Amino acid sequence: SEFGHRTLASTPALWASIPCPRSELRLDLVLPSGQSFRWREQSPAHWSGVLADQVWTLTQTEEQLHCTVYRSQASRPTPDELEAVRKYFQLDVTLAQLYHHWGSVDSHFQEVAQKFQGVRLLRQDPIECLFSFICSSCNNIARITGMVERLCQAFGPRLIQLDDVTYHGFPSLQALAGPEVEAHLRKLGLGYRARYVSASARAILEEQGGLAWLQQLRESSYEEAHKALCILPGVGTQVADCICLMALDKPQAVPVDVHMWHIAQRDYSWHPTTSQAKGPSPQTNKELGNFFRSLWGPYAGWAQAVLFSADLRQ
C-alpha cells in the first residue's frame, strides 16, 4: 500500500539493504536505549525516525540492515542516502573487535556481552544531542522522549506525515533562542528544563559564536570539548559527557549517573579512593569515570553503553 509506514513485506521495491550482521548492530537494543529519543517501532521490528533531515524506517534480518526512506516519486534509497545511514550507525567501527578487547580485559564485561551483542553508539547531530540531553536531567527515558517529541513538534520543521504521525526535523538554534520559547516549553511540560533550553540556545548564538563553536568541538580534544560544553546553562559533567560520547566523537567519554554507580558497586565492588564522600558527588563521579576509562580503554564510552543498555532491560 502507498500509505502509512512501510514494511519489508509490504513494499519490496522500496527497500535497500546494508550488509550488517546482527552481531554488529541490534536496533532493538540501540534505538530505544536513551542515545537518541526520536525513533519509534511503529510496527514489529520496524523503526521510524528522522535521519539526516529525512524520515526513514529501518528493520534488520540476520545479515542485512534494510532501509527505506520517505522524501517526489517513491523509490529505493540511493547509495549516498545509504552512506548517510552507514555513518549514523558508525558501521566502520567494528563492534566485534571492541567486544573482544573489552571482554579480554574485563571478565565481567565478557559475561554480559554474551547476551547483549550489537550495542554501539549512534553518531548524532550536536544540536539535537545537546538539547535532548539537557532535558535528560533528573528524568526517565520515556518522559525524556515525550518532551523531545513535543519540542520538535512545536519548533521543528514539518517533514512528512505517515498515518497520523507528522515527523519534524529537530529545531534550529535560532528557533530555540526565539522569544517566549521558555514559557512555551513549560506548557509542553519541560519543567525547569525549558529555561535551560532557552538559555543555552541564546548562550550559543549570543556568547559563544553560534553553531560553528559547537561543531568545532569535534576537532577538539575530549578534555577541551567537555570543558567548553559545561559553560552552557543546564549542562553539567553528565550531560557534557553524553554529548561528547554521542555527538562529538569522543569515544572515551563516560557518562556517570545512578545506573553506572549501581553497575560500579554491584559488578565491580567499586568504591571511591581519592574522595571523601561514599556516594555520587562531583569528585566521586570524576573518579568513577577515570576508573572505567582505565578499565576499558579509549572506547570506554562504548563499553559503558553496552552495560547501561543491559541494565535498562533488567
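We number the residues from 1 along the sequence you see.
Chemist: For the step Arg158 to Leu159, what size class fits the number of deposited residues with no coordinates, none, 1 to 3, 4 to 9, or 10 or more?
Modeler: Gap between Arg158 and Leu159: none, chain continuous.
Chemist: Got a sec? Mean C-alpha B-factor, which is higher, 265 to 273 or 27 to 35?
Modeler: The deposited B-factors put 265 to 273 ahead on the C-alpha mean.
Chemist: Averaged over C-alpha atoms, is the B-factor higher for 165 to 173 or for 199 to 207 in this PDB entry?
Modeler: That would be 199 to 207.
Chemist: Of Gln97, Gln90, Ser75, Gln124, which one's C-alpha B factor is largest in the deposited record?
Modeler: When the deposited C-alpha B-factors of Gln97, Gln90, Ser75, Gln124 are compared, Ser75 is largest.
Chemist: Maximum C-alpha temperature factor per the entry, among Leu232, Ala142, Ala154, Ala240, belongs to which one?
Modeler: Across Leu232, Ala142, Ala154, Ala240, the entry lists the biggest C-alpha B-factor for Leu232.
Chemist: Lowest, middle or highest third: where is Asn290 by C-alpha B factor in its chain?
Modeler: Tercile = middle for this residue's CA B-factor.
Chemist: If you rank every modelled residue in this chain by C-alpha B factor, which third holds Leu58: lowest, middle or highest?
Modeler: For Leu58, whose C-alpha B-factor we compare with every modelled residue in the chain, the answer is the lowest third.
Chemist: According to the PDB entry, is the CA B factor of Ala9 in the bottom, middle or top third of its chain, that is, lowest, middle or highest?
Modeler: CA B-factor rank for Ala9: highest third.
Chemist: Would you check the entry's CA temperature factor for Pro21 and let me know if it's in the chain's lowest, middle or highest third?
Modeler: Its C-alpha B-factor, which the entry lists for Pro21, ranks in the highest third among residues of this chain.
Chemist: Hey, what third does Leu214 fall into on Cα B-factor, ranked over its chain?
Modeler: It falls in the top third of the chain.
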